[PDB]
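Reading through the structure tokens given below for one structure.
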Amino acid sequence: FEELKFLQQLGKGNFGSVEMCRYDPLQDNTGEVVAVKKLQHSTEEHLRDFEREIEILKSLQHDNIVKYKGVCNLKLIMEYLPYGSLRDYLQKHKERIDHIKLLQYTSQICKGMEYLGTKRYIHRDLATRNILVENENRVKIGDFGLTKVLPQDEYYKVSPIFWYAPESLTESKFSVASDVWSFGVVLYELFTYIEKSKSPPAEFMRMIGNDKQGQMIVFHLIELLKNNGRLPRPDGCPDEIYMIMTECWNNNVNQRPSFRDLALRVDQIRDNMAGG
Ligand SMILES: CCS(=O)(=O)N1CC(CC#N)(n2cc(-c3nc(Nc4ccc(C(=O)OC(C)(C)C)cc4)nc4[nH]ccc34)cn2)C1
């Protein structure tokens, strides 16, 4: 990929940055526009981590995963998605998005995670902020900066604590079952329509009490999660789908559902409420 005209920035993070660029190979100003992700503090440690991430994305080919384009301090060139993040899209089209459309997005997030498991990859950052919208009918998982290849010899011991599983908060352990936990949180968001007042951090802080800060919030989030304290059922959210959230939020890692089973449940529910 040829050294690209920085049109505008799409996403800015602490160590990462995603901008929209134009290839313009023949300098005809007609080359397709791509999404370029570069590191903020291009260190030696981050460069090594950022190098793996490029290898993981180029190894993934799925309808609900952003298609890698190539490389160009290195730069990661990806597919550009015009509708941006799902939480920006959903908030701007709430009244035009029903539960069936909601379950469509849920179903293809599920299958993308299913495919992810096949390669033995743990995403570790499953949230609506990392879900991009290509058109009004297809969303994709857009970031893999925290993804860790499961070792050859079932978990990876290594932050968005309000999306984390209890074993990740305590033992710093991440697995497919920890991604299942975070998926249930993603399902929670999906049905609150990205209302900030009902966001998981805003909801957990009211249950914990906001006279707490620093790492003492993590202390009380652990004690609350261990005492069967969970995010409430969002209003309008059917009972059957709220149970999927609770099933993902089981303290016993062994009883959390699989991603293949969630995709079939989501599809069955979506078709059942579509045909009456
Ligand atoms: C770790 C921090 S991070 O910096 O590295 N980081 C955040 C991250 C989360 C994820 N995934 N992100 C991805 C994109 C992104 N956006 C797009 N299209 C658009 C199109 C329109 C708009 C827009 O209207 O602007 C507003 C502010 C949304 C209204 C924005 C984006 N296409 C993409 N292709 C690949 C990535 C990507 C932006 N942020 C990756």
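Each ligand, and each atom within it, is numbered from 1 in the order the structure gives. Atom set for the values below is all heavy atoms of this structure, side chains included, hydrogens, waters and symmetry mates excluded. Sequential numbering from 1 along the given sequence is applied to the chain's residues.
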message = Under a 4.0 Å threshold between the charged nitrogen and the carboxylate oxygen, would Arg233 count as salt-bridged to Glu203?
response =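 Salt bridge between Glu203 and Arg233, a charged N being under 4.0 Å from a carboxylate O: no.
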request  = Report yes or no: does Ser17 have a heavy atom closer than 4.0 Å to ligand 1?
outcome  =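 Yes, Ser17 has heavy atoms under 4.0 Å from ligand 1.
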ask   = Can you find a non-hydrogen atom of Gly145 under 4.0 Å from ligand 1?
value =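 Under 4.0 Å: no for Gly145.
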query = Do other residues, nucleotides or ligands put more than 12 heavy atoms under 6.0 Å from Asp235 CG?
reply =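 No, the 6.0 Å shell around CG holds no more than 12 heavy atoms from other groups.
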query = Do any nitrogen or oxygen atoms of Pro82 come within less than 3.5 Å of a nitrogen or oxygen of ligand 1?
reply =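 So ligand 1 has no N or O lying under 3.5 Å from an N or O of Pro82.
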query = Does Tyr80 reach ligand 1 with a nitrogen or oxygen that is under 3.5 Å from one of the ligand's nitrogen or oxygen atoms?
reply =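 Such a contact does not occur with ligand 1.
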Any atoms of ligand 1 less than 4.0 Å from a non-hydrogen atom of [X]? List them with their elements.
| X | value |
| --- | --- |
| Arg129 | 9 (C), 10 (C) |
| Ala35 | 33 (C), 34 (N), 35 (C) |
| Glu79 | 33 (C), 34 (N), 35 (C) |
| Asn130 | 9 (C), 10 (C), 11 (N) |
| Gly13 | 2 (C), 4 (O) |

inquiry  = Side chains of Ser59 and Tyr121: any donor to acceptor distance under 3.5 Å?
reply    =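 Indeed, the side chains of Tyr121 and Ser59 share at least one donor-acceptor pair under 3.5 Å.
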ask   = Is the distance between the ring centroids of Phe174 and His123 under 6.0 Å?
value =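 No; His123 has its ring centre 6.0 Å or more from that of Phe174.
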key: Among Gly11, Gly142, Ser85, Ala127, closest by any non-hydrogen atom to atom 7 (C) of ligand 1   =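 Ranked by closest heavy atom to atom 7 (C) of ligand 1, first place is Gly11.
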key: From the candidates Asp143, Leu86, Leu132, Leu10, the one that places a heavy atom nearest atom 13 (C) of ligand 1   =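 Nearest option to atom 13 (C) of ligand 1, by heavy atoms: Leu132.
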query = Cation-pi between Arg129 and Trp163: NZ/CZ under 6.0 Å from ring centre and within 45° of the ring axis?
reply =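 Yes - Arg129 lies over the ring of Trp163, closer than 6.0 Å to its centre and within 45° of its axis.
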key: Within reach of ligand 1, part of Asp88 (heavy-atom separation under 4.0 Å)   =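 For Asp88, the contact with ligand 1 is made by the side chain alone.
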ask   = Using a heavy-atom cut-off of under 4.0 Å, does the side chain or the backbone of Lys37 touch ligand 1, or both, or neither?
value =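 The part of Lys37 near ligand 1 is the side chain, not the backbone.
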Identified side-chain hydrogen bond (donor to acceptor under 3.5 Å, both in side chains) partner of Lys140 from the options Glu79, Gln108, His62 =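 Of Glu79, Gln108, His62, side-chain hydrogen bond (donor to acceptor under 3.5 Å, both in side chains) with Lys140 is met by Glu79 alone.
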message = If the test is side-chain contact (heavy atoms from CB on, under 4.5 Å), which one of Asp125, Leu116, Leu76 qualifies with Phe144?
response =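 Among the candidates, only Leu116 passes.
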key: Contacts of type salt bridge (charged side-chain N to carboxylate O under 4.0 Å, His left out), residue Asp179, not counting sequence neighbours   =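 Counting only residues at least two positions away or on another chain, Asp179 forms no salt bridge (charged side-chain N to carboxylate O under 4.0 Å, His left out).
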task = Quick one: list whatever passes side chain to side chain contact (heavy atoms under 4.5 Å, CB included) with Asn135, sequence neighbours left out.
result =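 Expected list: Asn137, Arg138.
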